[PDB]
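> The structure follows.
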Amino acid sequence: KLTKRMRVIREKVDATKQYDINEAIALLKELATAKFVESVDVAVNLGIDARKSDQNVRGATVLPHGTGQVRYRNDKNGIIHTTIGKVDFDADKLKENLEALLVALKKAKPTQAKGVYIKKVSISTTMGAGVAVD
Amino acid sequence: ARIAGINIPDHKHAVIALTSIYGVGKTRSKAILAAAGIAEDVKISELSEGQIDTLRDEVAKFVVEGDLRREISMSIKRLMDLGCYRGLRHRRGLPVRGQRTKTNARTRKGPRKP
RNA sequence: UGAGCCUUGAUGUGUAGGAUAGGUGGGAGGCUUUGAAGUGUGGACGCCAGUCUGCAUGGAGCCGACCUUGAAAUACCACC
RNA sequence: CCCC
RNA sequence: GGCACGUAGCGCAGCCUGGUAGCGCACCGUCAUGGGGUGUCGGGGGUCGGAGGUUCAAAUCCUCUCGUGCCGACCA
Ligand SMILES: [Mg+2]
Ligand SMILES: [Mg+2]
Ligand SMILES: [Mg+2]
């Protein structure tokens, strides 16, 4: 159904096993199979019901290592597309770039939230099987 | 193409553009092209401006758009001044060309309301 | 035998207009020989307009950007 | 269908 | 607290399940008939109870509100 490429990268991760932070920065060389500076996307699953006008999010990220000042905004259903950078930008520094992202959000945590704000952080790759960390 | 200032009678024959001009009709165009010395077998897109300004000068002898409706309105103000039957009828917004009014004037009196 | 549910399968005619296109949206190389585009046809959905899969003949060839769209392609990837 |  | 009704004069679809107020009765003027009705034919007649937001746009989504219901709860 596929070529040799797509299958071995899906057989290098686990979706039923929600990976961890320090375990996450080992596999993005096995999740990077492109002949350029390929990107790595992040998704943030959220824990509010945004069907109400009061729950829009909007802000800019001061990147601790640049890429770099990127804006963001949540979704109406609870999953926002963000980014940490690329796969070659010092994977070990990618964890420290994951650090600075989310601590800025809980500071601007909206007061009209219902339930828990965050749900899950998927540090996924652009050309491989995603990773959903707690 | 420019005659009269505002009207563009493009691709109209020499006298057809003048019949289609604002102010005059069927025979005054023939009269204009006879007083100016031009034939009526070609469109306006072939005659140069050396004669179009002459046509616009020659048509400057009749009543034009700005005085057409204003002479009409001077007459209508004479109607609003006198009080005669055609002032009374005209002051009720009623059709425009003769005498019969009872049973059939419906196009210019509008459709039936109820 | 319904309910909740992971994986997978798989999904939501607008008109515009290459285009059955969900909210975003990182994104320009995937694709390719663990064995092409066109076709040979059994099956699925269908407002049946089109999406589209098993074994293949063909067997190594297309495309993101490339134009008109409230929208760009679901090329990869992302959680629902 | 009603009625003269 | 908890869910169900508001849509032309009347009864409702659509509903308080997404893009474009529709059906029936009522009313007006025709046609149908020797005279009438049913019937076909057109025309008015409402902006979805009110407000506020999401939209490429609400009626059809969400919040408050209004009138009416029904279940339940209620030890200044
Ligand atoms: Mg009259
Ligand atoms: Mg008899
Ligand atoms: Mg009491």
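For the structure tokens, the naming scheme is as follows: chains receive sequential letters (A, B, ...) according to their order of presentation, residues are indexed from 1 within each chain, and ligands are indexed from 1 in presentation order.
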Give me the residues near residue D:4 as a PDB file with C-alpha atoms (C1' of nucleotides), in the first residue's frame, where near means some atom within 12 Å (using only C-alpha atoms (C1' of nucleotides)) and where sequence neighbours in that chain fewer than 5 positions away do not count.

```pdb
ATOM      1  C1'   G E  34     -78.564  28.305 -16.999  1.00  0.00           C
ATOM      2  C1'   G E  35     -78.149  29.860 -11.210  1.00  0.00           C
ATOM      3  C1'   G E  36     -74.343  28.153  -6.838  1.00  0.00           C
TER       4        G E  36
END
```
> With a distance cut-off of 9 Å and only C-alpha atoms (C1' of nucleotides), select the neighbouring residues of residue A:31, excluding the residue or stretch itself and same-chain residues fewer than 5 positions from it, and output the selection as number ranges by chain.
A: 9-10, 12-13, 87, 124-130
> Keeping only C-alpha atoms, take the residues you just selected and write them out as a PDB file, in the first residue's frame.

```
ATOM      1  CA  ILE A   9       8.330   5.662  10.862  1.00  0.00           C
ATOM      2  CA  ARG A  10       4.888   4.539  12.029  1.00  0.00           C
ATOM      3  CA  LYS A  12       8.947   3.658  15.422  1.00  0.00           C
ATOM      4  CA  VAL A  13       6.403   5.403  17.688  1.00  0.00           C
ATOM      5  CA  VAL A  87      14.122  18.829  13.435  1.00  0.00           C
ATOM      6  CA  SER A 124       4.222  15.907  16.217  1.00  0.00           C
ATOM      7  CA  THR A 125       6.462  15.878  13.165  1.00  0.00           C
ATOM      8  CA  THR A 126       5.695  17.041   9.662  1.00  0.00           C
ATOM      9  CA  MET A 127       6.898  13.838   7.937  1.00  0.00           C
ATOM     10  CA  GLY A 128       6.306  11.093  10.484  1.00  0.00           C
ATOM     11  CA  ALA A 129       4.025   9.537  13.052  1.00  0.00           C
ATOM     12  CA  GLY A 130       2.950  12.043  15.694  1.00  0.00           C
TER      13      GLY A 130
END
```
> Can you pull out every residue with an atom within 10 Å of ligand 3? Use only C-alpha atoms (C1' of nucleotides) and all ligand atoms and format it as a PyMOL selection string.
chain E and resi 74-76
> Grab me every residue within 10 Å of ligand 1, counting only C-alpha atoms (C1' of nucleotides) and all ligand atoms, and send it over as a PyMOL selection string.
chain B and resi 89-97+99-102+104-110
> Include N, CA and C atoms and write out the residues we just selected as a compact mmCIF listing (two decimals), in the first residue's frame.

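Final output, out-v2.txt:
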```txt
# COMPACT_ATOMS: atom_id res chain seq x y z
N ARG B 89 -55.33 67.62 -13.47
CA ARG B 89 -54.96 66.25 -13.78
C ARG B 89 -53.46 66.02 -13.62
N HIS B 90 -52.65 66.95 -14.12
CA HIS B 90 -51.20 66.78 -14.03
C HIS B 90 -50.72 66.86 -12.59
N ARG B 91 -51.45 67.55 -11.72
CA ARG B 91 -51.12 67.63 -10.31
C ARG B 91 -51.63 66.44 -9.52
N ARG B 92 -52.10 65.40 -10.22
CA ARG B 92 -52.47 64.14 -9.59
C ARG B 92 -51.70 62.97 -10.17
N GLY B 93 -50.69 63.23 -11.00
CA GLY B 93 -49.81 62.19 -11.47
C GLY B 93 -50.55 61.20 -12.34
N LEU B 94 -51.02 61.65 -13.50
CA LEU B 94 -51.89 60.83 -14.32
C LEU B 94 -51.30 60.68 -15.71
N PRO B 95 -51.62 59.55 -16.44
CA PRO B 95 -50.93 59.30 -17.72
C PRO B 95 -50.69 60.43 -18.75
N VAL B 96 -49.89 60.18 -19.79
CA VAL B 96 -49.53 61.30 -20.67
C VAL B 96 -49.61 61.36 -22.19
N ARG B 97 -50.81 61.52 -22.77
CA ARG B 97 -50.96 61.76 -24.23
C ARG B 97 -52.36 62.12 -24.83
N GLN B 99 -57.00 62.44 -23.91
CA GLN B 99 -58.25 62.81 -23.27
C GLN B 99 -58.94 61.67 -22.51
N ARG B 100 -58.90 60.44 -23.01
CA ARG B 100 -59.65 59.36 -22.38
C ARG B 100 -58.94 58.89 -21.12
N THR B 101 -59.70 58.73 -20.04
CA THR B 101 -59.11 58.42 -18.74
C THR B 101 -59.87 57.41 -17.91
N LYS B 102 -61.13 57.11 -18.21
CA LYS B 102 -61.97 56.37 -17.27
C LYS B 102 -61.54 54.91 -17.17
N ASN B 104 -59.36 52.89 -19.44
CA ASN B 104 -58.06 52.39 -19.89
C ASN B 104 -57.02 53.50 -19.86
N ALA B 105 -56.31 53.61 -18.73
CA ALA B 105 -55.08 54.37 -18.64
C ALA B 105 -54.09 53.68 -17.70
N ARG B 106 -54.14 52.35 -17.66
CA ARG B 106 -53.59 51.60 -16.53
C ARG B 106 -52.07 51.51 -16.53
N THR B 107 -51.42 51.56 -17.70
CA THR B 107 -49.97 51.44 -17.71
C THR B 107 -49.33 52.59 -16.95
N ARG B 108 -49.69 53.82 -17.31
CA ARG B 108 -49.10 54.99 -16.67
C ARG B 108 -49.84 55.42 -15.41
N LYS B 109 -51.02 54.86 -15.13
CA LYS B 109 -51.64 55.03 -13.82
C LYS B 109 -51.25 53.92 -12.84
N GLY B 110 -50.41 52.98 -13.27
CA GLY B 110 -49.93 51.94 -12.40
C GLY B 110 -50.93 50.80 -12.28
```
> What is the distance between atom CA of residue A:57 and atom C1' of residue C:74, in Å to one decimal?
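These atoms are spaced 25.3 Å apart.
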> Looking at B:71, B:82, B:55, B:114, which one is nearest to chain E, with distances taken over only C-alpha atoms (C1' of nucleotides)?
B:114
> Between atom CA of residue B:16 and atom CA of residue B:72, measure the distance and give it in Å to one decimal.
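Result for atom CA of residue B:16 versus atom CA of residue B:72: 24.7 Å, one decimal.
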> Quick one: which residues from chain A are at most 8 Å off chain E, using only C-alpha atoms (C1' of nucleotides), as a PyMOL selection string?
chain A and resi 51-53
> Could you pull the residues within 7 Å of stretch 60-69 of chain C, counting only C-alpha atoms (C1' of nucleotides), minus those fewer than 2 positions along the same chain, as a count of residues only?
8
> Can you work out which one of C:8, C:57, C:1, C:34 has the shortest atom-to-atom distance to chain A, counting only C-alpha atoms (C1' of nucleotides)?
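Of C:8, C:57, C:1, C:34, the one nearest chain A, counting only C-alpha atoms (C1' of nucleotides), is C:34.
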> Got a sec to pull out which chain E residues are within 9 Å of chain B, counting only C-alpha atoms (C1' of nucleotides), and send them as a VMD selection string?
chain E and resid 28 43 to 44
> Neighbours of residue C:49 within 10 Å (only C-alpha atoms (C1' of nucleotides); same-chain residues fewer than 2 positions away dropped), as number ranges by chain?
C: 13, 20, 46-47
> Keeping only N, CA and C atoms (P, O5', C5', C4', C3', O3' and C1' of nucleotides), write the selected residues as a PDB file, in the first residue's frame.

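The file below, out.pdb, is the result:
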```
ATOM      1  P     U C  13     -20.476  18.999   1.698  1.00  0.00           P
ATOM      2  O5'   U C  13     -21.905  19.425   1.139  1.00  0.00           O
ATOM      3  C5'   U C  13     -22.005  20.186  -0.078  1.00  0.00           C
ATOM      4  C4'   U C  13     -22.034  19.258  -1.269  1.00  0.00           C
ATOM      5  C3'   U C  13     -21.606  19.876  -2.593  1.00  0.00           C
ATOM      6  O3'   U C  13     -20.200  19.796  -2.781  1.00  0.00           O
ATOM      7  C1'   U C  13     -23.682  18.774  -2.870  1.00  0.00           C
ATOM      8  P     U C  20     -15.408  19.090  -6.679  1.00  0.00           P
ATOM      9  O5'   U C  20     -15.895  17.653  -6.183  1.00  0.00           O
ATOM     10  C5'   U C  20     -15.247  16.991  -5.106  1.00  0.00           C
ATOM     11  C4'   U C  20     -16.036  17.106  -3.827  1.00  0.00           C
ATOM     12  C3'   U C  20     -15.415  16.452  -2.600  1.00  0.00           C
ATOM     13  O3'   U C  20     -14.412  17.245  -1.990  1.00  0.00           O
ATOM     14  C1'   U C  20     -17.697  15.858  -2.736  1.00  0.00           C
ATOM     15  P     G C  46     -26.039   6.184   0.073  1.00  0.00           P
ATOM     16  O5'   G C  46     -26.200   7.436  -0.900  1.00  0.00           O
ATOM     17  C5'   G C  46     -25.765   8.731  -0.512  1.00  0.00           C
ATOM     18  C4'   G C  46     -25.209   9.490  -1.689  1.00  0.00           C
ATOM     19  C3'   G C  46     -26.134   9.582  -2.891  1.00  0.00           C
ATOM     20  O3'   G C  46     -27.045  10.658  -2.793  1.00  0.00           O
ATOM     21  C1'   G C  46     -24.019   8.813  -3.596  1.00  0.00           C
ATOM     22  P     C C  47     -28.423  10.612  -3.610  1.00  0.00           P
ATOM     23  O5'   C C  47     -28.339  11.882  -4.567  1.00  0.00           O
ATOM     24  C5'   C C  47     -29.517  12.485  -5.068  1.00  0.00           C
ATOM     25  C4'   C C  47     -29.467  13.982  -4.935  1.00  0.00           C
ATOM     26  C3'   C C  47     -28.340  14.685  -5.674  1.00  0.00           C
ATOM     27  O3'   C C  47     -28.599  14.854  -7.056  1.00  0.00           O
ATOM     28  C1'   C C  47     -28.487  15.532  -3.474  1.00  0.00           C
TER      29        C C  47
END
```
> If DSSP is run on the backbone, what residues of chain B are helix (DSSP H, G or I)? A reply as an mmCIF file with N, CA, C and O atoms, in the first residue's frame would be ideal.

```
data_model
loop_
_atom_site.group_PDB
_atom_site.id
_atom_site.type_symbol
_atom_site.label_atom_id
_atom_site.label_comp_id
_atom_site.auth_asym_id
_atom_site.auth_seq_id
_atom_site.Cartn_x
_atom_site.Cartn_y
_atom_site.Cartn_z
ATOM 1 N N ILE B 16 -28.270 58.135 -37.325
ATOM 2 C CA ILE B 16 -28.888 57.309 -36.293
ATOM 3 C C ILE B 16 -28.420 57.749 -34.916
ATOM 4 O O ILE B 16 -29.199 57.743 -33.956
ATOM 5 N N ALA B 17 -27.155 58.144 -34.791
ATOM 6 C CA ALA B 17 -26.670 58.641 -33.512
ATOM 7 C C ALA B 17 -27.377 59.927 -33.120
ATOM 8 O O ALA B 17 -27.572 60.189 -31.930
ATOM 9 N N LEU B 18 -27.801 60.722 -34.103
ATOM 10 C CA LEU B 18 -28.482 61.977 -33.827
ATOM 11 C C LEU B 18 -29.958 61.781 -33.534
ATOM 12 O O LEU B 18 -30.540 62.564 -32.778
ATOM 13 N N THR B 19 -30.574 60.762 -34.127
ATOM 14 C CA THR B 19 -31.914 60.370 -33.711
ATOM 15 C C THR B 19 -31.887 59.798 -32.303
ATOM 16 O O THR B 19 -32.835 59.982 -31.530
ATOM 17 N N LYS B 26 -36.400 62.120 -35.354
ATOM 18 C CA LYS B 26 -36.254 61.412 -36.623
ATOM 19 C C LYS B 26 -35.724 62.312 -37.732
ATOM 20 O O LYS B 26 -34.761 61.955 -38.421
ATOM 21 N N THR B 27 -36.329 63.483 -37.916
ATOM 22 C CA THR B 27 -36.000 64.329 -39.052
ATOM 23 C C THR B 27 -34.964 65.388 -38.726
ATOM 24 O O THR B 27 -34.321 65.904 -39.647
ATOM 25 N N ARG B 28 -34.799 65.745 -37.455
ATOM 26 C CA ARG B 28 -33.807 66.760 -37.146
ATOM 27 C C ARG B 28 -32.394 66.243 -37.380
ATOM 28 O O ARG B 28 -31.506 67.028 -37.710
ATOM 29 N N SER B 29 -32.163 64.935 -37.240
ATOM 30 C CA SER B 29 -30.853 64.397 -37.600
ATOM 31 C C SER B 29 -30.593 64.528 -39.095
ATOM 32 O O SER B 29 -29.489 64.903 -39.513
ATOM 33 N N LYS B 30 -31.587 64.189 -39.920
ATOM 34 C CA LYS B 30 -31.455 64.407 -41.357
ATOM 35 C C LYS B 30 -31.181 65.873 -41.656
ATOM 36 O O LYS B 30 -30.314 66.198 -42.477
ATOM 37 N N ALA B 31 -31.896 66.771 -40.977
ATOM 38 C CA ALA B 31 -31.699 68.202 -41.161
ATOM 39 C C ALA B 31 -30.309 68.648 -40.748
ATOM 40 O O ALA B 31 -29.713 69.498 -41.415
ATOM 41 N N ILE B 32 -29.771 68.062 -39.683
ATOM 42 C CA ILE B 32 -28.440 68.420 -39.221
ATOM 43 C C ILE B 32 -27.389 67.952 -40.212
ATOM 44 O O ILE B 32 -26.468 68.700 -40.554
ATOM 45 N N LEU B 33 -27.491 66.707 -40.673
ATOM 46 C CA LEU B 33 -26.498 66.225 -41.623
ATOM 47 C C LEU B 33 -26.646 66.884 -42.985
ATOM 48 O O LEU B 33 -25.671 66.933 -43.740
ATOM 49 N N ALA B 34 -27.819 67.435 -43.299
ATOM 50 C CA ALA B 34 -27.948 68.199 -44.532
ATOM 51 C C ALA B 34 -27.394 69.610 -44.376
ATOM 52 O O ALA B 34 -26.776 70.137 -45.307
ATOM 53 N N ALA B 35 -27.585 70.226 -43.208
ATOM 54 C CA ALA B 35 -27.015 71.544 -42.960
ATOM 55 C C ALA B 35 -25.509 71.485 -42.750
ATOM 56 O O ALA B 35 -24.836 72.510 -42.897
ATOM 57 N N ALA B 36 -24.970 70.315 -42.410
ATOM 58 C CA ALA B 36 -23.545 70.162 -42.172
ATOM 59 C C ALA B 36 -22.799 69.526 -43.335
ATOM 60 O O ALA B 36 -21.588 69.730 -43.452
ATOM 61 N N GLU B 49 -12.872 63.843 -35.646
ATOM 62 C CA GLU B 49 -13.370 64.932 -34.817
ATOM 63 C C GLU B 49 -13.402 66.262 -35.552
ATOM 64 O O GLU B 49 -14.010 67.215 -35.053
ATOM 65 N N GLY B 50 -12.789 66.344 -36.733
ATOM 66 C CA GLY B 50 -12.829 67.582 -37.486
ATOM 67 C C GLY B 50 -14.239 67.979 -37.854
ATOM 68 O O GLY B 50 -14.524 69.164 -38.056
ATOM 69 N N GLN B 51 -15.141 67.003 -37.936
ATOM 70 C CA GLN B 51 -16.539 67.256 -38.231
ATOM 71 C C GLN B 51 -17.453 67.003 -37.047
ATOM 72 O O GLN B 51 -18.577 67.508 -37.047
ATOM 73 N N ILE B 52 -17.011 66.235 -36.051
ATOM 74 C CA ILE B 52 -17.860 65.972 -34.894
ATOM 75 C C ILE B 52 -18.084 67.251 -34.100
ATOM 76 O O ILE B 52 -19.190 67.510 -33.608
ATOM 77 N N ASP B 53 -17.046 68.077 -33.964
ATOM 78 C CA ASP B 53 -17.238 69.384 -33.356
ATOM 79 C C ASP B 53 -18.169 70.253 -34.182
ATOM 80 O O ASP B 53 -18.900 71.071 -33.617
ATOM 81 N N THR B 54 -18.193 70.067 -35.501
ATOM 82 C CA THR B 54 -19.131 70.815 -36.326
ATOM 83 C C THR B 54 -20.559 70.332 -36.119
ATOM 84 O O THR B 54 -21.492 71.140 -36.116
ATOM 85 N N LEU B 55 -20.745 69.025 -35.933
ATOM 86 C CA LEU B 55 -22.076 68.512 -35.615
ATOM 87 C C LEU B 55 -22.537 69.034 -34.261
ATOM 88 O O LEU B 55 -23.706 69.403 -34.091
ATOM 89 N N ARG B 56 -21.620 69.098 -33.291
ATOM 90 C CA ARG B 56 -21.977 69.624 -31.979
ATOM 91 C C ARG B 56 -22.235 71.123 -32.017
ATOM 92 O O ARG B 56 -23.052 71.621 -31.234
ATOM 93 N N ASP B 57 -21.567 71.848 -32.913
ATOM 94 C CA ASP B 57 -21.871 73.261 -33.091
ATOM 95 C C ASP B 57 -23.224 73.447 -33.763
ATOM 96 O O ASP B 57 -23.989 74.342 -33.391
ATOM 97 N N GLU B 58 -23.545 72.595 -34.738
ATOM 98 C CA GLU B 58 -24.797 72.725 -35.474
ATOM 99 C C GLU B 58 -25.994 72.346 -34.617
ATOM 100 O O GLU B 58 -27.069 72.936 -34.766
ATOM 101 N N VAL B 59 -25.834 71.369 -33.719
ATOM 102 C CA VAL B 59 -26.924 71.004 -32.815
ATOM 103 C C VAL B 59 -27.066 71.973 -31.655
ATOM 104 O O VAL B 59 -28.011 71.842 -30.866
ATOM 105 N N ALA B 60 -26.166 72.943 -31.527
ATOM 106 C CA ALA B 60 -26.271 73.960 -30.491
ATOM 107 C C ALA B 60 -27.313 75.022 -30.814
ATOM 108 O O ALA B 60 -27.430 75.998 -30.067
ATOM 109 N N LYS B 61 -28.070 74.855 -31.898
ATOM 110 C CA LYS B 61 -29.078 75.825 -32.299
ATOM 111 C C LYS B 61 -30.475 75.471 -31.810
ATOM 112 O O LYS B 61 -31.368 76.322 -31.873
ATOM 113 N N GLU B 65 -30.636 69.150 -23.726
ATOM 114 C CA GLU B 65 -31.024 68.448 -22.508
ATOM 115 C C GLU B 65 -31.384 69.397 -21.369
ATOM 116 O O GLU B 65 -32.471 69.311 -20.787
ATOM 117 N N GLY B 66 -30.470 70.306 -21.032
ATOM 118 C CA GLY B 66 -30.668 71.152 -19.873
ATOM 119 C C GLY B 66 -31.839 72.099 -19.993
ATOM 120 O O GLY B 66 -32.451 72.437 -18.975
ATOM 121 N N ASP B 67 -32.174 72.529 -21.207
ATOM 122 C CA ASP B 67 -33.347 73.361 -21.407
ATOM 123 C C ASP B 67 -34.559 72.576 -21.885
ATOM 124 O O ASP B 67 -35.671 73.097 -21.824
ATOM 125 N N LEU B 68 -34.383 71.325 -22.305
ATOM 126 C CA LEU B 68 -35.517 70.510 -22.737
ATOM 127 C C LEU B 68 -36.513 70.305 -21.599
ATOM 128 O O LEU B 68 -37.660 70.783 -21.651
ATOM 129 N N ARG B 69 -36.075 69.622 -20.541
ATOM 130 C CA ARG B 69 -36.940 69.413 -19.391
ATOM 131 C C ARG B 69 -37.287 70.718 -18.699
ATOM 132 O O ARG B 69 -38.325 70.791 -18.045
ATOM 133 N N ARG B 70 -36.482 71.764 -18.860
ATOM 134 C CA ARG B 70 -36.796 73.004 -18.169
ATOM 135 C C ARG B 70 -37.827 73.846 -18.900
ATOM 136 O O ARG B 70 -38.607 74.538 -18.248
ATOM 137 N N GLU B 71 -37.883 73.775 -20.229
ATOM 138 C CA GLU B 71 -39.022 74.330 -20.942
ATOM 139 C C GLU B 71 -40.273 73.516 -20.662
ATOM 140 O O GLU B 71 -41.367 74.080 -20.492
ATOM 141 N N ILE B 72 -40.129 72.190 -20.573
ATOM 142 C CA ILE B 72 -41.273 71.373 -20.185
ATOM 143 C C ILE B 72 -41.769 71.791 -18.804
ATOM 144 O O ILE B 72 -42.976 71.939 -18.573
ATOM 145 N N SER B 73 -40.843 72.039 -17.879
ATOM 146 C CA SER B 73 -41.197 72.412 -16.516
ATOM 147 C C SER B 73 -41.719 73.833 -16.435
ATOM 148 O O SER B 73 -42.534 74.130 -15.567
ATOM 149 N N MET B 74 -41.254 74.725 -17.306
ATOM 150 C CA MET B 74 -41.854 76.050 -17.383
ATOM 151 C C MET B 74 -43.313 75.949 -17.791
ATOM 152 O O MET B 74 -44.178 76.625 -17.224
ATOM 153 N N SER B 75 -43.614 75.089 -18.762
ATOM 154 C CA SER B 75 -45.011 74.881 -19.121
ATOM 155 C C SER B 75 -45.781 74.276 -17.960
ATOM 156 O O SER B 75 -46.922 74.666 -17.686
ATOM 157 N N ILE B 76 -45.166 73.336 -17.248
ATOM 158 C CA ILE B 76 -45.870 72.687 -16.153
ATOM 159 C C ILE B 76 -46.079 73.663 -15.004
ATOM 160 O O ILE B 76 -47.086 73.592 -14.291
ATOM 161 N N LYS B 77 -45.148 74.590 -14.803
ATOM 162 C CA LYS B 77 -45.343 75.632 -13.812
ATOM 163 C C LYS B 77 -46.411 76.613 -14.254
ATOM 164 O O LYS B 77 -47.151 77.127 -13.413
ATOM 165 N N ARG B 78 -46.539 76.854 -15.557
ATOM 166 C CA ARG B 78 -47.696 77.603 -16.025
ATOM 167 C C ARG B 78 -48.983 76.852 -15.711
ATOM 168 O O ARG B 78 -50.004 77.475 -15.405
ATOM 169 N N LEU B 79 -48.944 75.516 -15.747
ATOM 170 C CA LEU B 79 -50.125 74.745 -15.358
ATOM 171 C C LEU B 79 -50.409 74.868 -13.865
ATOM 172 O O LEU B 79 -51.571 74.984 -13.463
ATOM 173 N N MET B 80 -49.370 74.850 -13.035
ATOM 174 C CA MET B 80 -49.546 75.039 -11.600
ATOM 175 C C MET B 80 -49.869 76.480 -11.249
ATOM 176 O O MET B 80 -50.236 76.768 -10.105
ATOM 177 N N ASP B 81 -49.752 77.380 -12.219
ATOM 178 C CA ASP B 81 -50.055 78.792 -12.050
ATOM 179 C C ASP B 81 -51.482 79.121 -12.459
ATOM 180 O O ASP B 81 -52.153 79.928 -11.808
ATOM 181 N N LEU B 82 -51.953 78.510 -13.544
ATOM 182 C CA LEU B 82 -53.281 78.816 -14.058
ATOM 183 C C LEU B 82 -54.361 78.151 -13.214
ATOM 184 O O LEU B 82 -55.226 78.826 -12.643
ATOM 185 N N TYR B 85 -57.716 72.444 -16.271
ATOM 186 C CA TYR B 85 -57.952 71.014 -16.087
ATOM 187 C C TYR B 85 -56.679 70.205 -16.268
ATOM 188 O O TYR B 85 -56.475 69.198 -15.582
ATOM 189 N N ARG B 86 -55.824 70.599 -17.209
ATOM 190 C CA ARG B 86 -54.591 69.853 -17.398
ATOM 191 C C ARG B 86 -53.571 70.161 -16.316
ATOM 192 O O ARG B 86 -52.603 69.410 -16.167
ATOM 193 N N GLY B 87 -53.778 71.228 -15.546
ATOM 194 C CA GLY B 87 -53.021 71.392 -14.319
ATOM 195 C C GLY B 87 -53.571 70.528 -13.205
ATOM 196 O O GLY B 87 -52.814 69.923 -12.450
ATOM 197 N N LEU B 88 -54.898 70.430 -13.112
ATOM 198 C CA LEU B 88 -55.505 69.603 -12.074
ATOM 199 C C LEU B 88 -55.123 68.142 -12.263
ATOM 200 O O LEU B 88 -54.648 67.482 -11.332
ATOM 201 N N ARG B 89 -55.328 67.624 -13.473
ATOM 202 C CA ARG B 89 -54.961 66.246 -13.781
ATOM 203 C C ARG B 89 -53.462 66.024 -13.623
ATOM 204 O O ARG B 89 -53.034 65.014 -13.053
ATOM 205 N N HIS B 90 -52.646 66.953 -14.125
ATOM 206 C CA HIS B 90 -51.202 66.781 -14.032
ATOM 207 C C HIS B 90 -50.717 66.861 -12.591
ATOM 208 O O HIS B 90 -49.668 66.294 -12.262
ATOM 209 N N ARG B 106 -54.138 52.350 -17.655
ATOM 210 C CA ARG B 106 -53.593 51.600 -16.532
ATOM 211 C C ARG B 106 -52.073 51.509 -16.533
ATOM 212 O O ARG B 106 -51.480 51.424 -15.454
ATOM 213 N N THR B 107 -51.423 51.556 -17.696
ATOM 214 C CA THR B 107 -49.967 51.438 -17.710
ATOM 215 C C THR B 107 -49.335 52.594 -16.945
ATOM 216 O O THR B 107 -48.537 52.385 -16.023
ATOM 217 N N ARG B 108 -49.686 53.823 -17.312
ATOM 218 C CA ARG B 108 -49.102 54.992 -16.672
ATOM 219 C C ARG B 108 -49.840 55.417 -15.408
ATOM 220 O O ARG B 108 -49.322 56.267 -14.674
ATOM 221 N N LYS B 109 -51.022 54.860 -15.127
ATOM 222 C CA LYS B 109 -51.637 55.026 -13.815
ATOM 223 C C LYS B 109 -51.246 53.925 -12.841
ATOM 224 O O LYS B 109 -51.714 53.931 -11.698
#
```
> Env of residue D:1: 12 Å cut, atoms = only C-alpha atoms (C1' of nucleotides), seq-sep filter 2 positions within chain, self excluded. Answer as a PyMOL selection string.
(chain D and resi 3) or (chain E and resi 36-39)
> Quick one: residues within 10 Å of stretch 1-6 of chain E, only C-alpha atoms (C1' of nucleotides) counted, chain neighbours fewer than 4 positions away excluded, as a PyMOL selection string?
chain E and resi 15-16+48-49+67-73
